[PDB]
Protein chains: 2
Amino acid sequence: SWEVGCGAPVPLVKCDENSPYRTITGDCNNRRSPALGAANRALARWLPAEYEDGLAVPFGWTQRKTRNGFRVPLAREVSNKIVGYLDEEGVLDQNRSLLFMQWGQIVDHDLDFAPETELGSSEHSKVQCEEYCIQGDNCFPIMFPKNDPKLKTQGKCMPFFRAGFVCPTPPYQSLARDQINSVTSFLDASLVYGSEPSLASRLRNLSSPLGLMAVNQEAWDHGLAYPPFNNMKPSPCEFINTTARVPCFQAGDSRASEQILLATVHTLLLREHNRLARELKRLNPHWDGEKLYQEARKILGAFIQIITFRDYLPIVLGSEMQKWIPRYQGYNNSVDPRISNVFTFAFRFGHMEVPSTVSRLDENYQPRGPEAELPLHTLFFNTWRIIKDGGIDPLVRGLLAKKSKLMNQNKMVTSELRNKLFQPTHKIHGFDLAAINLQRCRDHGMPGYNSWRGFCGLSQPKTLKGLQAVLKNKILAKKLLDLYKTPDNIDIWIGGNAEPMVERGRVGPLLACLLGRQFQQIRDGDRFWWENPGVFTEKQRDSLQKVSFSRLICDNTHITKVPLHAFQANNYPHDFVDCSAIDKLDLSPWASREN
Amino acid sequence: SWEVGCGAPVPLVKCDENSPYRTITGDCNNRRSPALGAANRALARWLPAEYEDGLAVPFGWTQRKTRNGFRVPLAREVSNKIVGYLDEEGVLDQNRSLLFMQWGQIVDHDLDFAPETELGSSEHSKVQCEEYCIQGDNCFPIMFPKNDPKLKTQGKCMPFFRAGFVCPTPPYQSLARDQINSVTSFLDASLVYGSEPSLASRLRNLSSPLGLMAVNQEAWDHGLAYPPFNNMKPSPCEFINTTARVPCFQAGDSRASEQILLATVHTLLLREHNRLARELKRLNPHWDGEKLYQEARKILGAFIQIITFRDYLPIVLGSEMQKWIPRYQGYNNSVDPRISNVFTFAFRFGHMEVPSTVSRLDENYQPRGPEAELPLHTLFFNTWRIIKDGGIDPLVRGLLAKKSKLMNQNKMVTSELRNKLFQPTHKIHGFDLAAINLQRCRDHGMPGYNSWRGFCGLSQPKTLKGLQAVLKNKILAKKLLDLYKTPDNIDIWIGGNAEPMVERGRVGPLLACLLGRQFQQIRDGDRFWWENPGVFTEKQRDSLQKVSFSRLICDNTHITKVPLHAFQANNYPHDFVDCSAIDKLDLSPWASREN
Ligand code: HEM
Ligand code: HEM
Ligand SMILES: *[C@@H]1O[C@H](CO)[C@@H](O[C@@H]2O[C@H](CO)[C@@H](O[C@H]3O[C@H](CO)[C@@H](O)[C@H](O)[C@@H]3O)[C@H](O)[C@H]2NC(C)=O)[C@H](O)[C@H]1NC(C)=O
Ligand SMILES: *[C@@H]1O[C@H](CO)[C@@H](O[C@@H]2O[C@H](CO)[C@@H](O[C@H]3O[C@H](CO)[C@@H](O)[C@H](O)[C@@H]3O)[C@H](O)[C@H]2NC(C)=O)[C@H](O)[C@H]1NC(C)=O
Ligand SMILES: *[C@@H]1O[C@H](CO)[C@@H](O[C@@H]2O[C@H](CO)[C@@H](O)[C@H](O)[C@H]2NC(C)=O)[C@H](O)[C@H]1NC(C)=O
Ligand SMILES: *[C@@H]1O[C@H](CO)[C@@H](O[C@@H]2O[C@H](CO)[C@@H](O)[C@H](O)[C@H]2NC(C)=O)[C@H](O)[C@H]1NC(C)=O
Ligand SMILES: *[C@@H]1O[C@H](CO)[C@@H](O[C@@H]2O[C@H](CO)[C@@H](O)[C@H](O)[C@H]2NC(C)=O)[C@H](O)[C@H]1NC(C)=O
Ligand SMILES: *[C@@H]1O[C@H](CO)[C@@H](O[C@@H]2O[C@H](CO)[C@@H](O)[C@H](O)[C@H]2NC(C)=O)[C@H](O)[C@H]1NC(C)=O
Ligand SMILES: *[C@@H]1O[C@H](CO)[C@@H](O)[C@H](O)[C@H]1NC(C)=O
Ligand SMILES: *[C@@H]1O[C@H](CO)[C@@H](O)[C@H](O)[C@H]1NC(C)=O
Ligand SMILES: [Ca+2]
Ligand SMILES: [Ca+2]
């Protein structure tokens, strides 16, 4: 039967039909099922939801209940007992640029986003959670264990809310809970253009009839632009440095400002749009604005798919790609292009690759000034360090020359992320990303480590001597279940990352499986995948295989010497070459001849 | 309506059932229904709650919904246009002592306390209501009209927190909201003995046999008692004058020290008890420390009741007393003894009987001192002016010799109360009792004015020519609805207080009703009312029939000249006689004898 409980707000689009262009909402990619893969629809489930009341309450809610006959360890304890580490000494991946984790957070962002629930924009229930730590309704506090340093400093807990679900979000019911994905499952640069038409036009210079993205009129970077400042007052980017008074940037996506390096690449993508539109305009003079805006948007998306599948995914899945992402072979009209719930917890591995400091290099890539080397922690929702401090050129260099953190079984998440996190809703710099990642698993109802090791075809260990075989490490295998008590209860985020990394990759057996599949599907089920016949022509493609992130730099900044392979470890004199040694993306084929 | 309801936090006890003594909590009075009339229950309702969303948002909080098709007047605006005046001359009630005014406030405090809501305990939210004046779930501001003084001087609005409701304290749903009465509904002098098991005890000197209430050990008044100071740091009493640094008095009821005059009678009471206990002890040598309290505590309540129904009510109601309060025909157990909500707004008529200043007289009832007449406003929460500047003797001569404030359709409430009211919570001296009152009606869900004229079975005016016939004042009737636009929307408090006084009484036909009905009720449903058989003996009564407030003054102060009728006007020295001229209350009939 179909006890299809309740429905949906949803921008209802009617498709065009023959149009050679992508819709904003994400609809119509599919002819037999339109809304399949669009924004604001429940995340998909590869495996049945696992809640305490089997229907919607998270494990670790009604203390006096267990799973599989045990008490689920507090989120914050899992973090301390197993996730943290004090000494940053030589904890850096050595064949991976910082760019390697920045491009990650970007592709993640183009694929998913489960809105937190906040009804409340005047509200004090908003406060019964930050100030009293009382579980009830959407408030699901992250309690602290004994002798947790935070206790003498911030309170009894860390405010935390449940992720919105389909249908409303308020007085919730009926069938097994499924949370929403407010973005589009396609690598369609929807972080640059948006997911709701309403906002996709706000982003637009629509007074000049030459298709351009709206840009800042009050701030500059050597005659180069920054995204437009966001409207809404009580923005956090202002709070950080009350004096400076420079707000967050506004982009197709709403997380663009979390950290100064994220904002930076958001600027390159915004910038590449314009070089492309202007260019096309000059070549196809008769072309009209709307035509420019989308031929550009199309060029750009092709870009995010080629960098992502040619340069980025090989080196994550490593030797497990050929196995999961077979070589492309046409639109498989019948493949779920949607993002599964788990994916959004399996692609969080990146969290473990964020270094504890971001540095600014000066034209010869030398640490510039008295404060070129800052703490990751003083960079969340920070834009003034950009507007009022050298622009983003010195930051882009950092990304090219400095390396990312390497996932170490006994150095998982830097404290800058596990102890001093800034949440846009709050005032302190004392939240924890690891703990959040852990309850958030429970909020969404994920099944356990074993039920997932299963989904992939790997042994489901039960003996502590068994966990050791997989994790290839005793003391980790031990600390782990002195907490969970059984392999069947370990949270996927942690349980997955605990595994050693596959050959020449950056994630193990289970993560490789969950990512591999997901990615293949949004690539085989996307009607606009660039390589699929019709979306572009033989000659347009030929020109597209020559793009590179290195080239992206050369055309939108004043950097001059850059690496051929922006994603691997590169020292400054040798591994760098002046831009004229690198391919250019010939937009000639885009030329349209009249008669 | 015979149905179920929210059974929230209430001290639970077991009815002994044959104890000749009232419980402190008020519980067990009623045999068939225990709770009835108990403290911390929430207020009898005589009419439907009227709220804007039919459940809990005050009328006039959502800035666009109406009442009966019309916008509700700002709380403060009514106060400026109607309630206030600038000449305090000729405003004195020629035939009513200041004491009149004062006994009314004692009888009220014995009957009802609706706690306003929250505190927080280190809160960022008390701050969001006294700075930005932002509306929000517990904070319902009082906004300042345009062209109002307070604007230039205090700010945008003055703080106001809705009053406590019954299932919760914090935030939620389903039934018409009701406020809590934290004091026993019977006239049992519990402003003295308290309404809580735990406080009730602490308030007594258990370090002796003698069964007495504990007195202050740091300061005495000419060899006489004072109540003990209150622990509470961030005390209002000390803030007034830091140099003096004299804390608030601790009494059976919180408000005990809002003003020098109230805190005063609060001592005569306290002293009355210790006397009785002491006295009883010698006539009954073998009694118990414990038997001493409540034989006295019984003697005391009975005292309140008498003065209230016998010298006091007969002059508030006047020719409407027989109509509502017939002669006692004994305990009618089928009568709801609880205080209705409206009573708590009907009784505030006394807010308009407070004169502009408070005096201090020398033993010849001559102004005593360089600063005898003190403007009222510098007396809210004042204690040092007692303990340190004179004693209570000078004040009590004040009450007996000075006059109250006559209610006058033109001068409603003193400016010492309209503009300069002090609240314990906050710092400045610029609040408005009148505006609090009006705001407070909408908070308590008070049905409109007409909905009450009807309830008492009186003409309901619809037109302006209609409202003039009742108020017997054209101009007023006009000012009133140039603001309310319709008789239906006039806030009870004012509308009630607007009607011209009844014969030989001090309230209009409406209030006469409300107040008459309420009082009769707490008297006919109180199993312990004194005239009731069993409660006190035939002889015991015959001796209680002579208690007088003049005698109270005598036995417990060093005043020797007092009037027979302490409630009306009395000029010195013709209306004053020697304390030897007034009766004494013989306790000989309380003499128990062995076999
Ligand atoms: C600071 C934060 C980052 C940089 C130090 C960072 C980085 C990444 C990378 C590199 C990712 C994948 C390659 C990635 C995936 C996802 N993140 Fe994370 N992130 C920072 C801070 C946050 C915060 C706060 C959140 C919200 C967490 C919550 O669940 O409440 C966050 C989330 C995510 C996320 C969820 C997307 C979604 O489903 O809505 C990823 C897939 N990041 N991040
Ligand atoms: C100062 C205050 C007084 C002295 C000038 C004063 C006096 C009286 C008298 C004489 C009353 C009866 C004849 C009387 C009744 C009630 N009051 Fe009032 N009062 C002073 C100050 C206040 C403040 C502040 C309040 C709270 C107002 C609010 O609505 O928030 C107050 C209340 C009341 C009240 C309500 C009891 C209740 O239902 O909770 C009376 C019946 N007074 N007062
Ligand atoms: C708040 O944001 C301010 C930006 O508007 C920032 O002010 C600037 O920072 C420093 C003050 O210490 C000065 O800048 C110089 O600092 C180093 C030397 O330490 C130089 O190498 C740099 O080139 C740079 O010129 C600026 O004078 C100052 N500007 C202003 C207006 O103060 C503050 O640092 C921020 N304050 C906080 C607490 O975050
Ligand atoms: C703060 O409270 C003080 C009382 O605790 C009060 O001071 C009192 O008033 C004056 C001191 O200024 C003294 O009274 C008079 O004393 C002799 C008469 O005997 C006169 O010659 C003096 O000039 C003075 O007028 C009291 O002794 C003094 N009380 C105490 C305990 O010191 C202040 O007036 C109060 N301040 C405010 C702002 O209210
Ligand atoms: C660092 O990573 C690079 C990137 O993969 C490695 O070079 C690749 O090596 C594989 C075979 O192992 C080849 O398919 C490619 O020709 C190489 N790609 C690039 C971009 O160079 C390199 O071997 C790694 N460095 C070390 C020391 O292992
Ligand atoms: C929209 O596009 C127009 C066209 O370029 C922008 O106007 C130019 O702005 C630059 C720098 O701000 C000036 O040097 C030129 O003089 C302007 N050109 C013309 C023809 O007026 C405009 O700034 C853009 N606005 C937004 C919000 O992006
Ligand atoms: C002041 O008010 C009281 C009560 O209203 C008056 O009391 C009545 O006075 C008249 C004499 O004029 C008689 O009807 C009664 O004997 C009194 N009853 C009471 C309870 O006192 C009082 O007398 C008024 N002042 C004057 C001079 O009448
Ligand atoms: C509690 O009651 C006792 C019993 O009388 C009080 O004790 C006497 O207090 C007087 C007055 O200060 C002293 O002169 C006596 O010396 C005390 N006698 C005894 C046996 O203690 C006591 O002061 C009272 N305390 C309180 C706080 O009320
Ligand atoms: C797509 O589905 C078809 C239909 O069953 C099948 O030929 C094949 O498994 C899929 N093709 C690709 C390229 O994935
Ligand atoms: C007792 O109260 C009941 C209920 O209000 C009422 O019927 C009647 O007035 C009273 N009975 C007598 C005999 O007075
Ligand atoms: Ca997308
Ligand atoms: Ca009482």
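Below is a short write-up of the structure.

Here we take up the interface of chain B and chain A. Taken together, the contacts link 11 residues of chain B with 8 residues of chain A. Across the chain B to chain A interface the summed buried area is about 760 Å²; carbon plus sulfur atoms make up 42%. Sorting the residues of chain B by area buried against chain A places B:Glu123, B:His124 and B:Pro171 first, and these three jointly supply 37% of that buried surface. The interface formed by chain B and chain A holds 0 salt bridges in total. Summed over the shared surface of chain B and chain A, the number is 4 residue pairs in polar contact. Among the residues forming the side of chain B that touches chain A, the class breakdown is 2 nonpolar, 7 polar and 2 charged.

This part is about the side chain of B:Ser340. Residues and elements named next belong to chain B. Along the polypeptide, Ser340 turns up in the loop between α10 (321-324) and α11 (343-346). Reaching out from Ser340, the side chain makes a polar contact with the backbone nitrogen of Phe343 at a distance of 3.2 Å. Ignoring anything within four residues of it in the chain, the contact list for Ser340 reads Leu43, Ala44, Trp46 and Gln518.

With the rule as written, the count across this model stands at 44 aromatic pairs over all chains. Taken together, a centroid distance of 4.6 Å and an interplanar angle of 20° make the contact between A:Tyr365 and A:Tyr572 stacked. With A:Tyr365 in the loop between β9 (361-362) and β10 (366-367) and A:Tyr572 in the loop between β13 (561-563) and β14 (576-578), the pair connects residues that are 207 residues apart, well separated along the chain. The partly exposed category is assigned to A:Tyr572, whose relative accessible area is 25%. The interplanar angle of 85° and the centroid separation of 5.7 Å between the aromatic rings of B:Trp452 and B:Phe455 together place this pair among those described as edge-to-face. With B:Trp452 and B:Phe455 both in helix α16 (residues 450-455) and 3 residues apart, this pair spans about one turn of that helix. Accessibility expressed as a relative area gives 2% for B:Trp452, which makes it buried. Every member of this aromatic cluster is reached through a ring pair, and the members are A:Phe309, A:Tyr328, A:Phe343, A:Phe347, A:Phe349, A:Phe519 and A:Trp529. Seen from the ring of A:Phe113, A:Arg255 lies directly overhead, with NZ or CZ sitting 4.0 Å from the centre. Over the ring of B:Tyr293 we find B:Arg204; its NZ or CZ atom is 3.9 Å from the centre of that ring.

About the criteria used
- Residues numbered from 1 in each chain as written, not as in the entry; some residues may be left out.
- Chains lettered and ligands numbered in written order.
- Heavy atoms only, no water.
- Contact = heavy atoms within 4.5 Å.
- Buried area = accessible area lost by both parts, 1.4 Å probe.
- Salt bridge = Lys/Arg side-chain N within 4 Å of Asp/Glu carboxyl O.
- Polar contact = N/O pair within 3.5 Å; in protein donor to acceptor, adjacent residues only side chain to side chain.
- Nonpolar A, V, L, I, M, F, W, Y, C, P; charged D, E, K, R; others polar.
- Helix = DSSP H or I, 4+ residues; strand = E, 2+ residues; numbered from the N terminus.
- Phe/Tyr/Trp six-rings, centres within 6.5 Å; stacked < 30°, edge-to-face > 60°.
- Buried < 20%, exposed > 50% of the residue type's maximum accessible area, 1.4 Å probe, protein only.
- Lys NZ or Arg CZ within 6 Å of the ring centre and 35° of its normal.

Any functional reading would require information beyond the geometric quantities listed.
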